[PDB]
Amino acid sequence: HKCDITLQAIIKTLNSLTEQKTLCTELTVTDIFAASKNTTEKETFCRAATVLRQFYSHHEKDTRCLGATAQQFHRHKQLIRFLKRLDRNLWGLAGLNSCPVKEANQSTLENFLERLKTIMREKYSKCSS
C-alpha cells in the first residue's frame, strides 16, 4: 500500500497543477512543511489533504479566482477539479481524517504544491530501483 500506484496518480495531478496558473495560486495555505518535523508518512498526507481541502472549499467560489475571461474561468474550474482529485488520492493514502495542523507560516498554494511534488517524487524514487 506504501508504494502503491496512487503515488503516480498524485504526481500526475501535481504536474498538471504546477503547469497551470490561476489568479489565485498565490493565495495561501498553512505550510505543513514548515515543521521541524513532519510526522509519520500517513500523517503528512492527512495534513496536506487537510490544507488543500480548506483551500478549494474557501476559493472555489471566490470572486478573486472565478475569472473574467472564459479562459480564466476554465483554468479556475480546472484548478479546483485537480485539487479535489489530488485531495481524494491523498486521503486515500493517509487512511486518516483527524490530523492537527499547527504551523503558523503561510506559503502560497503554488509553493506548497511544488514542495509536495518534490516529496511525492522522492517517495516514488525510494520505491523504485
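Residue numbers here begin at 1 and follow the sequence given.
The mean C-alpha temperature factor is higher for 13-21 when 109-117 and 13-21 are set side by side. Averaged over Cα atoms, the B-factor as recorded in the entry is higher for 96-104 than for the other of 96-104 and 63-71.
Looking at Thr28, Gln78, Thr50, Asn38, the one whose CA carries the top B-factor in the deposited record is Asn38.
Ranked by Cα temperature factor within the chain, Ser129 sits in the highest third according to the deposited record. Among the modelled residues of the chain, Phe55 sits in the middle third by CA temperature factor in this PDB entry.
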